[PDB]
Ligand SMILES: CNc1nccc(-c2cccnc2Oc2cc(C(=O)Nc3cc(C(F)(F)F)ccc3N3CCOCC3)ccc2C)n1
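Just one chain is shown here, as structure tokens, and it is the form solved without this ligand.
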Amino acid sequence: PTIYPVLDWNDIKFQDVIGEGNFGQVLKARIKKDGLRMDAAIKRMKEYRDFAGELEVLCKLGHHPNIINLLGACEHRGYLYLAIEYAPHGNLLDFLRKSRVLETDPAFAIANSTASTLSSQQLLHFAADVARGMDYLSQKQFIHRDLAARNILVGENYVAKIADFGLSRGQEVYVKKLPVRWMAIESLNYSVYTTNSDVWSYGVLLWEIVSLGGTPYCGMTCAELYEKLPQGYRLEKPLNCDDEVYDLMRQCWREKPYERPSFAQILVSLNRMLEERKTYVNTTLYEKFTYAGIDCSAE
């Protein structure tokens, strides 16, 4: 199990400690690649198996613009220093919340009649980016298990990249025991995960993008969700969301796993909306605009 290229320890310069989705805490650094010094992040992995397992999965990732790519690795004093892409703009949840200009800078907001520094086109492109990345991953048998805005990074040129550390690979995976608010009914009931359940999570993630980082089911407790979701209860349509975007969300939450669209179909739907001049996710103030709640007591 070897991840290339092989990086030389003395070419690595550590600059800070940061978080990067499911990679957890990583070292912001500068490495040498193809003769050039570049930004990167480094995930330190203790080799002392549980290690060999997550390394075999990481080697099956391959490359894709919408995932966090592996840049190389360096073995040093018993630990594997895995270099990965650095995301200059942090995670998507934080990015979405920092765009609520009506709260961060109301003057600019009023002056520009806007509720966000992000346009409807940009928000849908984020959704498209994740769907494109998940199509790539699921096609290769990957099962994410924790798909949500917090696990999506906004990288170079604002391209959304899926955090891909510790993923599963296969037809289905059972994980005993939690991101209850993103979990599909079958996961809540039997702790099983499939690409079909990843699609349910994607629906909630799309809901996060549309609501500009709002907390899913803000107000309801985890206990309430286990009870109501199986009865047919579903997240409500954000007030700035077009009917077509919400219906896409609803398709992702159908009770029958096999009836949910595939990530490829989701991307087709997203691209059709992006091609038209019509606004699908409103960010214009007009005469009234409401920011979705953020219950930090659930985070």
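Note that residue numbering begins at 1 and tracks the sequence as displayed. Only residues modelled in both forms are compared. We call the rigid core the largest set of C-alpha positions that still match within 1.5 Å between the two forms.
- Omission of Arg77 is seen in a third or more of the other entries compared for this protein where the adjacent residues are built.
- Coordinates for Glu224 are present in every one of the other compared entries of this protein that model residues on both sides of it, well short of the third needed to count it as often missing.
- The modelled chain is continuous from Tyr258 to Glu259, since every residue of the deposited sequence in that stretch has coordinates.
- The deposited sequence places 4 to 9 unmodelled residues between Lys177 and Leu178.
- In this entry, 74-82 has the higher mean Cα B-factor, the comparison being between 74-82 and 196-204.
- Averaged over CA atoms, B-factors in the entry run higher in 277-285 than in the other of 20-28 and 277-285.
- Per the deposited record, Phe108 carries the highest C-alpha B-factor of all listed residues (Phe142, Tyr158, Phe165, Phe108).
- Residue-level inspection of the entry shows that, of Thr221, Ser116, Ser120, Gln171, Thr221 has the top Cα B-factor.
- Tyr217: CA B factor in the middle third of modelled residues in this chain (values from the PDB entry).
- Among the modelled residues of the chain, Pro230 sits in the highest third by CA temperature factor in this PDB entry.
- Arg250: CA B factor lies in the lowest third for its chain, per the PDB record.
- In the deposited entry, the Cα temperature factor of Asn189 sits in the middle third of values across the chain's modelled residues.
- Among all modelled residues in this chain, the alpha-carbon of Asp135 has a temperature factor (C-alpha) in the lowest third.
Form solved in complex with this ligand: not shown, discussed below.
- For this ligand-free form, the site is classified blocked because this ligand, superimposed from its arrangement in the bound PDB entry, has three or more atoms within 2.4 Å of the backbone and C-beta atoms.
- Between this ligand and the residues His144, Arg100, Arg181, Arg132, the one pair within 4.5 Å by heavy atoms in the bound PDB entry involves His144.
- Interface residue among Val204, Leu124, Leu96, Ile84 relative to this ligand in the bound PDB entry, by the heavy atom within 4.5 Å criterion: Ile84.
- By the 4.5 Å heavy atom rule, the three marked residues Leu137, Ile162 and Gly166 all count as contacting this ligand in the bound PDB entry.
- Partner proximity in the bound PDB entry, defined as non-hydrogen atoms within 4.5 angstroms of this ligand, places exactly one of 235-243, 248-256, 265-273, 63-71 at the interface: 63-71.
- Taking the partner from elsewhere, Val57 is found to have a heavy atom lying within 4.5 Å of this ligand in the bound PDB entry.
- Under a 4.5 angstroms non-hydrogen atom cutoff, this ligand in the bound PDB entry lacks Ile209 among its neighbouring residues.
- When this ligand is considered in the bound PDB entry, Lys43 lines it closely, a heavy atom lying within 4.5 Å.
- When this ligand is considered in the bound PDB entry, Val26 lines it closely, a heavy atom lying within 4.5 Å.
- Core-superposed comparison between this form and the one not shown: the Cα of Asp129 travels less than 2 Å.
- Listed in sequence order, the runs of at least 3 residues with C-alpha movement of 2 Å or more between this form and the one not shown, after fitting the core, are 53-59, 164-169, 175-177, 286-288.
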